[PDB]
Each structure stands twice: as structure tokens, then as C-alpha cells.
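Structure first, then comments.
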Amino acid sequence: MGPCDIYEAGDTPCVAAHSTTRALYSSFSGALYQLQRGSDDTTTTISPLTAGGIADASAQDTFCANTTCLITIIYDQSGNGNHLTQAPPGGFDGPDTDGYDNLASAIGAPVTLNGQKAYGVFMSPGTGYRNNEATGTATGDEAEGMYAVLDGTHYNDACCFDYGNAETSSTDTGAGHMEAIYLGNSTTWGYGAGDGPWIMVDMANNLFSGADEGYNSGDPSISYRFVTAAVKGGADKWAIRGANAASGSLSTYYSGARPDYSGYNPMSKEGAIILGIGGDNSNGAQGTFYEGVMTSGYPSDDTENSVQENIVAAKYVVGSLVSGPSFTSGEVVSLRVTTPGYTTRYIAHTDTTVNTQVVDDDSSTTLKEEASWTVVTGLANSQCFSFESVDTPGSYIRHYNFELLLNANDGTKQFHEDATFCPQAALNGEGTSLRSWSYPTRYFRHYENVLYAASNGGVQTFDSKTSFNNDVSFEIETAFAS
Ligand SMILES: *[C@@H]1O[C@H](CO)[C@@H](O[C@@H]2O[C@H](CO)[C@@H](O)[C@H](O)[C@H]2NC(C)=O)[C@H](O)[C@H]1NC(C)=O
Ligand SMILES: OC[C@@H]1O[C@@H](O[C@H]2[C@H](O[C@@H]3CO[C@@H](O)[C@H](O)[C@H]3O)OC[C@@H](O)[C@@H]2O)[C@H](O)[C@H]1O
Ligand SMILES: OC[C@@H]1O[C@@H](O[C@H]2[C@H](O[C@@H]3CO[C@@H](O)[C@H](O)[C@H]3O)OC[C@@H](O)[C@@H]2O)[C@H](O)[C@H]1O
């Protein structure tokens with residue numbers, strides 16, 4: 001049996017079921033999600049390898065070879081047609097065309113479920129999916145349940161990384177017009193114990209960690225690499241349950257009456273489904289979604305425990321984020337441009353500006369150093385890397401407003417994430433392509449001899465598809481600084 005089979009057995013059936021990693025029904029073999037490669041913009045779908053099995057990743061790899069990929073649709077396996085597609089603008093605008101949110105990369109969250117490779121939805125700030133005309137989802141004060149397997153080490157404090165019931169207009173229509181899972185360390189509304197992140201329930205104009213608005217000590221910080229967040233709401237009652245999605249039981253962080261504030265009882269749910277964003281399209285949060293569902297009816301604890309066990313059985317394990325040449329901590333290198341007509345340039349810098357310059361044996365020692373980089377263990381992820389300036393030790397290459405700048409490590413998480421890159425086999429076949437860890441849809445890319453964290457097409461001029469593959473491919477060579 002799969003998650004939804006278990007929920008059906010408990011009389012609180014899935015009315016929405018999403019996952020880019022596995023089928024949530026033992027008998028599902030349809031499409032899990034849709035892809036679109038930047039090369040020609042064509043699409044293809046990825047289905048389980050077998051009925052009720054794991055996603056066919058090799059098919060994605062084949063289709064996305066020598067190019068980039070975005071996850072255009074996350075199909076609803078329940079049959080209700082509640083697929084998730086690019087989230088539209090609302091109270092707030094998205095950073096994409098006409099205010100839509102960004103689609104997520106297809107390779108930002110690699111994992112294996114019991115030895116079988118799969119891909120999750122790595123969402124960076126500005127990313128988001130939605131369905132404002134869903135069927136079967138709870139409305140008004142009707143009971144519902146939900147859960148999602150997320151990455152407890154990928155999150156921030158901006159509003160709002162949710163998954164659940166939201167407004168059909170994409171605007172904040174008031175308290176009680178929402179009921180969704182939230183995971184992050186925002187403290188603007190509710191928050192629990194510790195540094196975070198905390199699993200809270202977004203009920204509109206409030207992320208609740210318990211009965212009271214704001215602080216509630218009963219909600220602990222949960223930072224497992226794989227987290228199961230189980231939330232449910234009914235007639236003047238709701239609950240929060242969390243667990244290590246890779247081992248053990250669900251613990252109950254809250255169970256009881258609605259917050260005693262106007263608008264929260266009875267609730268006024270609207271039935272829309274959001275992912276990675278807030279109800280009014282607040283899109284500054286980040287996170288990773290692997291699988292999740294929404295149900296009709298208040299799931300019993302026994303039902304959720306069975307689900308949790310099934311998830312544990314799925315055996316989630318982190319996959320490799322790196323491919324191609326790759327580096328070793330402490331190694332000193334120089335990165336050469338492979339784009340025809342600039343093949344003698346190297347990634348260097350002029351103050352905080354990271355650019356490409358012609359560097360050779362006649363170059364001064366200062367320029368040789370500006371073009372030499374000490375590779376160190378990724379500041380935000382131990383699998384990837386960070387590039388430290390040879391001439392200016394203590395400073396690293398980081399993306400700011402999508403430009404690559406050479407700034408000093410200020411020890412903050414933000415800096416750490418803006419300075420972590422993952423080696424990927426060069427797209428043009430020559431060398432490596434440094435993929436941004438926090439923004440997997442972006443790579444090191446030179447545009448008019450300046451370095452940006454560019455995507456294959458986008459709202460910034462430096463995201464041009466023209467010569468993209470070449471501009472994101474570099475040959476790893478012996479450092480000039482010897
Ligand atoms: C969420 O957690 C992060 C990481 O613990 C907090 O970030 C720090 O941010 C402050 C305010 O910008 C800086 O003084 C610190 O140097 C940062 N520390 C680290 C370790 O990054 C962030 O403030 C927390 N957010 C909330 C709302 O509590
Ligand atoms: O390199 C991208 C981010 O720029 C810096 O943040 C600045 C922020 O940027 C927004 C970040 O979120 C994206 O979704 C938006 O598309 C982008 O505009 O704009 C306001 C500035 O005051 C922030 O410093 C971050 O350092 C970096 O991660
Ligand atoms: O990053 C180097 C190349 O820039 C982009 O090229 C475009 C070219 O840009 C020139 C880049 O070099 C500066 O010194 C020049 O002042 C500037 O004109 O302009 C014409 C466009 O058609 C080129 O694509 C390429 O993307 C990149 O390889």
C-alpha cells in the first residue's frame with residue numbers, strides 16, 4: 001500500500017496527491033510531472049518505473065542532457081486533476097514574466113528512495129506552484145488532513161514556504177481563509193522553541209505554532225534532512241505532527257482548539273492548493289518538496305502513523321549534487337572560458353566585480369592571483385564548493401542580485417548560500433558548469449565579460465539563451481598563482 005491507499009483505508013481519502021519522486025498509490029503508473037528543456041523548449045513527462053514505483057529518473061537525465069530543465073507541472077495522482085503549475089501573481093508579484101513565480105529546476109534536489117535515484121522540487125526564493133480551481137479540497141470549515149516530505153536543512157525566514165489550502169483569488173482575504181503546512185524560521189507571526197525551522201500551520205495573517213499568536217514553546221525546531229510534516233484541521237480543532245521522514249514516529253507538537261482569535265473558528269477555507277508560497281503569493285521563501293497530499297476528512301493519528309511508517313520504508317537518502325570533473329578542498333585552480341572568441345580569458349576579478357580577463361604568463365602577479373581560486377568545501381553544502389580569492393583571502397565568489405561579486409565571508413547563512421556552487425559536467429562538453437546551490441536554475445555565466453548567476457533564459461538580459469551553454473562551460477586548469 002501507498003500513502004493514499006492508507007488514507008483511503010482510514011476513510012479520509014486523498015483529494016490531491018503530488019510527488020516528483022514516487023507514486024503515492026500502489027496502482028498509479030501515470031505521469032508524476034512534466035519537464036521542459038531550455039534547448040528547444042519541448043516537453044516530456046516522467047512516470048514511475050513500475051505501477052506504484054519510483055520515478056523514472058534516467059528518462060529525465062536523457063531528456064535534459066547538455067541543456068537545462070524546469071519542472072513545469074506536478075501532476076495530481078488522485079484523479080481529481082489538481083495538478084500544480086506555475087504560480088500566478090496575487091497580492092504580491094512573482095519575479096517572473098508578468099508577475100508569475102519561477103518554475104523550479106529539475107535537478108536541485110537529487111535523492112534515492114531505496115537505492116533508486118529520484119528528483120525532488122528544490123525551490124529557491126521566488127519559486128512557486130499553484131492550482132486555483134481544485135476539486136474535492138475542503139472549503140469553509142470542512143475537515144482535512146495533509147502532509148509533505150521536505151528538506152529540514154533548506155529554508156529561510158521569509159514568507160512563506162507552504163503546502164496546503166489557500167485562497168482561490170491569490171489574495172489575502174482574511175484570517176481563516178487558509179490552512180497549510182509551513183516550514184521555516186520566520187518569527188513575524190508564530191514560532192516555536194530554538195533557532196528553527198518550525199512546522200507551523202498557515203491560517204492566513206498568522207503562522208501558528210500553537211494556541212497563542214506568536215511564541216509557543218511546544219513547537220520544537222525540526223531540522224532533519226528529511227522531514228515529515230503532518231497537519232490537519234477540523235471543526236474547532238487542528239494539530240501539528242512532525243518526524244524524521246527517514247526514521248521513527250510522528251510526534252504531536254500541537255493538538256486542540258483553534259487559536260482563540262476572530263476569524264479562526266469557524267474557518268473559511270477556499271480550496272486552492274499552493275506550494276512554496278503564501279496565500280497572497282508572498283514568494284520570498286525557500287524549501288524542498290519531495291511528496292505530499294491533501295485529504296478530505298480529519299485523519300486519525302493511527303492513520304498518519306501508518307503513513308509515516310510507509311514513508312520511512314521508502315528510505316529517502318540524499319543523492320549526489322555533483323557530476324563531471326569536480327574539485328578537492330584546498331586545490332587552487334584557474335577557470336578558462338570555452339566560448340569561441342573568448343577562449344583566452346579566465347574568471348578573475350577587479351575589486352568586488354567578478355569578470356573574465358585575458359590572463360597569461362606576461363600578466364602581473366596581482367592579476368594572476370585575481371584569476372586564481374582556492375576551492376573549499378561548500379559553505380552551505382558539504383557536497384559542493386565555494387571559491388575563495390587567492391589575492392584576497394577571506395572573500396569568496398557570491399551571487400548578489402544575480403551578479404557574481406567577490407565579498408568577504410561574513411559568517412551568515414545568507415552569505416554561505418549565496419556562495420555555494422555545485423560542479424556539473426559542462427553543458428558544452430568542455431570542463432565544468434558551476435551550478436548555484438541555492439538557485440539550481442542558475443549557473444556561472446559570462447555576459448560581456450562579466451560573471452552572473454544566469455539561467456537559460458529569463459527576465460534579466462544576462463540570461464540570454466544565445467551562447468548559453470558555452471558561456472556556462474569552463475575548463476579547470478592549473479592556477480596562475482602557481
Ligand atoms: C533565522 O535563522 C538565521 C540563521 O540562524 C538567522 O540569521 C542571522 O541573521 C542575523 C540577522 O540578519 C545576523 O546578525 C546573524 O549574523 C545571522 N546568523 C546566521 C548563523 O546566519 C535569522 O535572523 C533567523 N531569523 C529570524 C526571523 O529569527
Ligand atoms: O542573487 C540573488 C539574491 O540577491 C540578494 O538579495 C537581494 C534581493 O534579491 C531578490 C532575492 O530573491 C529573488 O527571488 C529576487 O528575484 C531578487 O530580486 O533584492 C533585495 C536586496 O536588498 C537583497 O539583498 C541576495 O544576497 C541573493 O541571494
Ligand atoms: O561574455 C562574453 C560574451 O558576451 C556576449 O556577447 C555578446 C557581445 O558582447 C560583447 C561582449 O564583450 C564586450 O567587450 C563588448 O563590448 C560586447 O559588445 O555583444 C554582441 C552579442 O551578440 C554577443 O552575444 C556573449 O553572450 C558572451 O559569450
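Ligands are numbered from 1 in the order shown, chains are lettered A, B, ... in the order of the C-alpha cells, and residues start at 1 in each chain.
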Inset, instruction - Would you mind listing what lies within 9 Å of range 128-133 of chain A as a PyMOL selection string, with only C-alpha atoms counted and same-chain residues fewer than 3 positions away left out? - result: chain A and resi 73-74+82-88+94+100-104+123-125+166-170+271-277+281+283
Using N, CA and C atoms, can you write the selected residues to a file as a compact mmCIF listing (two decimals), in the first residue's frame?
```txt
# COMPACT_ATOMS: atom_id res chain seq x y z
N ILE A 73 5.07 20.98 -14.50
CA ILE A 73 3.85 20.52 -13.85
C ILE A 73 4.09 19.36 -12.88
N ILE A 74 3.38 19.40 -11.75
CA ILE A 74 3.45 18.35 -10.75
C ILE A 74 2.04 17.79 -10.72
N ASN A 82 -5.97 17.94 -9.90
CA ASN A 82 -5.46 19.09 -9.15
C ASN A 82 -3.96 19.26 -9.34
N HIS A 83 -3.53 19.29 -10.60
CA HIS A 83 -2.12 19.44 -10.90
C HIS A 83 -1.65 20.82 -10.47
N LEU A 84 -0.35 20.92 -10.19
CA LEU A 84 0.24 22.18 -9.79
C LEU A 84 1.04 22.73 -10.97
N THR A 85 0.81 24.00 -11.29
CA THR A 85 1.50 24.66 -12.39
C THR A 85 2.05 26.00 -11.91
N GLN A 86 2.83 26.67 -12.75
CA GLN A 86 3.45 27.95 -12.41
C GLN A 86 2.51 28.92 -11.68
N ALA A 87 2.85 29.24 -10.44
CA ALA A 87 2.04 30.15 -9.62
C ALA A 87 1.96 31.56 -10.20
N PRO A 88 0.74 32.12 -10.31
CA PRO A 88 0.47 33.46 -10.84
C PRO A 88 0.60 34.55 -9.78
N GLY A 94 5.30 37.84 -8.69
CA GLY A 94 6.41 36.90 -8.72
C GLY A 94 7.52 37.57 -9.51
N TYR A 100 4.44 36.15 -12.63
CA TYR A 100 4.31 34.75 -12.25
C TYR A 100 5.54 34.41 -11.41
N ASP A 101 5.48 33.30 -10.68
CA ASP A 101 6.61 32.88 -9.88
C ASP A 101 7.51 32.03 -10.78
N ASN A 102 8.73 31.74 -10.33
CA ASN A 102 9.63 30.93 -11.14
C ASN A 102 9.31 29.45 -11.02
N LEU A 103 9.51 28.72 -12.11
CA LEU A 103 9.32 27.28 -12.09
C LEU A 103 10.63 26.81 -11.45
N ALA A 104 10.63 25.64 -10.84
CA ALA A 104 11.84 25.13 -10.19
C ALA A 104 12.69 24.28 -11.12
N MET A 123 13.08 24.45 -4.39
CA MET A 123 12.53 25.78 -4.62
C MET A 123 13.29 26.92 -3.96
N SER A 124 13.80 27.83 -4.79
CA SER A 124 14.54 28.99 -4.32
C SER A 124 13.57 30.16 -4.16
N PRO A 125 13.96 31.20 -3.40
CA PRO A 125 13.05 32.33 -3.23
C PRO A 125 12.53 32.83 -4.59
N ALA A 166 -5.42 27.16 0.29
CA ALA A 166 -5.24 28.60 0.13
C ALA A 166 -6.40 29.27 -0.61
N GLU A 167 -6.31 30.59 -0.77
CA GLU A 167 -7.37 31.35 -1.43
C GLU A 167 -7.39 31.18 -2.94
N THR A 168 -8.59 31.12 -3.52
CA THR A 168 -8.73 30.93 -4.96
C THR A 168 -8.45 32.20 -5.77
N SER A 169 -8.29 33.33 -5.08
CA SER A 169 -8.01 34.59 -5.76
C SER A 169 -6.53 34.97 -5.69
N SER A 170 -5.77 34.24 -4.88
CA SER A 170 -4.34 34.51 -4.71
C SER A 170 -4.10 35.79 -3.90
N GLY A 271 -10.20 26.23 -0.67
CA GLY A 271 -9.91 25.07 -1.51
C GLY A 271 -8.82 25.10 -2.57
N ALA A 272 -8.07 26.18 -2.66
CA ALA A 272 -6.99 26.25 -3.64
C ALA A 272 -5.79 25.52 -3.05
N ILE A 273 -4.83 25.18 -3.90
CA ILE A 273 -3.64 24.47 -3.47
C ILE A 273 -2.39 25.26 -3.84
N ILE A 274 -1.56 25.55 -2.84
CA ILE A 274 -0.33 26.28 -3.09
C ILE A 274 0.88 25.45 -2.68
N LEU A 275 2.05 25.82 -3.20
CA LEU A 275 3.30 25.15 -2.87
C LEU A 275 4.47 26.13 -2.93
N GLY A 276 5.21 26.22 -1.83
CA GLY A 276 6.37 27.10 -1.76
C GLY A 276 6.08 28.58 -1.59
N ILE A 277 4.80 28.95 -1.57
CA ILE A 277 4.42 30.35 -1.43
C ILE A 277 3.34 30.59 -0.39
N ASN A 281 0.48 35.05 -2.52
CA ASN A 281 1.66 34.89 -3.35
C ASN A 281 2.94 35.49 -2.80
N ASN A 283 6.36 35.43 -2.10
CA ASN A 283 7.32 34.48 -2.68
C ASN A 283 8.79 34.68 -2.33
```
Inset, instruction - Compile the contact shell of range 48-60 of chain A as a VMD selection string: residues with an atom at most 10 Å away, counting only C-alpha atoms, same-chain residues fewer than 2 positions apart removed. - result: chain A and resid 1 to 2 19 to 37 44 to 46 62 to 65 69 106 to 107 110 112 to 114 116 to 119 314
Inset, instruction - Have a look at A:93, A:475, A:463, A:448 and name the one nearest to ligand 3; count only C-alpha atoms and all ligand atoms. - result: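 The answer is A:448, which sits nearest to ligand 3.
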Legend entry - Residue neighbourhood range 374-387 of chain A, 6 Å, only C-alpha atoms, exclusion window fewer than 3 positions, as a ChimeraX atom specification: /A:329-332,396-397,416-417,419-422
Write the selection just made, keeping N, CA and C atoms, as an mmCIF file, in the first residue's frame?
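Saved to selection.cif:
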```cif
data_model
loop_
_atom_site.group_PDB
_atom_site.id
_atom_site.type_symbol
_atom_site.label_atom_id
_atom_site.label_comp_id
_atom_site.auth_asym_id
_atom_site.auth_seq_id
_atom_site.Cartn_x
_atom_site.Cartn_y
_atom_site.Cartn_z
ATOM 1 N N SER A 329 38.971 20.041 -1.696
ATOM 2 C CA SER A 329 39.183 21.163 -0.800
ATOM 3 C C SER A 329 40.664 21.518 -0.691
ATOM 4 N N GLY A 330 40.977 22.797 -0.894
ATOM 5 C CA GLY A 330 42.353 23.255 -0.808
ATOM 6 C C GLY A 330 43.036 23.400 -2.154
ATOM 7 N N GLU A 331 42.490 22.739 -3.166
ATOM 8 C CA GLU A 331 43.044 22.799 -4.512
ATOM 9 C C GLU A 331 42.974 24.229 -5.043
ATOM 10 N N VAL A 332 44.002 24.660 -5.768
ATOM 11 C CA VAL A 332 43.997 26.006 -6.339
ATOM 12 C C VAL A 332 43.861 25.869 -7.849
ATOM 13 N N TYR A 396 34.937 35.351 -0.999
ATOM 14 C CA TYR A 396 34.517 34.297 -1.911
ATOM 15 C C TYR A 396 33.618 34.832 -3.016
ATOM 16 N N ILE A 397 33.436 34.020 -4.048
ATOM 17 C CA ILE A 397 32.566 34.384 -5.153
ATOM 18 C C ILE A 397 31.130 34.141 -4.685
ATOM 19 N N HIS A 416 26.689 32.293 3.072
ATOM 20 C CA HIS A 416 27.021 30.895 2.842
ATOM 21 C C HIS A 416 26.270 30.337 1.628
ATOM 22 N N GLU A 417 24.963 30.573 1.578
ATOM 23 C CA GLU A 417 24.151 30.065 0.480
ATOM 24 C C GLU A 417 24.407 30.777 -0.834
ATOM 25 N N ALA A 419 27.136 31.780 -1.740
ATOM 26 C CA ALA A 419 28.497 31.431 -2.139
ATOM 27 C C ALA A 419 28.753 29.941 -2.336
ATOM 28 N N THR A 420 27.698 29.144 -2.465
ATOM 29 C CA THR A 420 27.876 27.706 -2.653
ATOM 30 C C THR A 420 27.495 27.280 -4.065
ATOM 31 N N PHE A 421 28.410 26.580 -4.727
ATOM 32 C CA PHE A 421 28.186 26.138 -6.095
ATOM 33 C C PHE A 421 28.495 24.663 -6.288
ATOM 34 N N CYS A 422 27.716 24.019 -7.149
ATOM 35 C CA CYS A 422 27.882 22.599 -7.403
ATOM 36 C C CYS A 422 28.354 22.300 -8.814
#
```
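Shortest atom-to-atom contact with residue 431 in chain A among A:466, A:282, A:244, A:338: A:338, counting only C-alpha atoms.
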Inset, instruction - Quick one: everything within 6 Å of range 173-183 of chain A, counting only C-alpha atoms, minus sequence neighbours fewer than 3 positions away in the same chain. Send it as a list in words. - result: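 Residues meeting the cut-off are residues 161, 162, 163, 164, 165, 166, 198, 199, 200, 201, 202, 203, 204, 205, 263, 264, 267, 268 and 269 of chain A.
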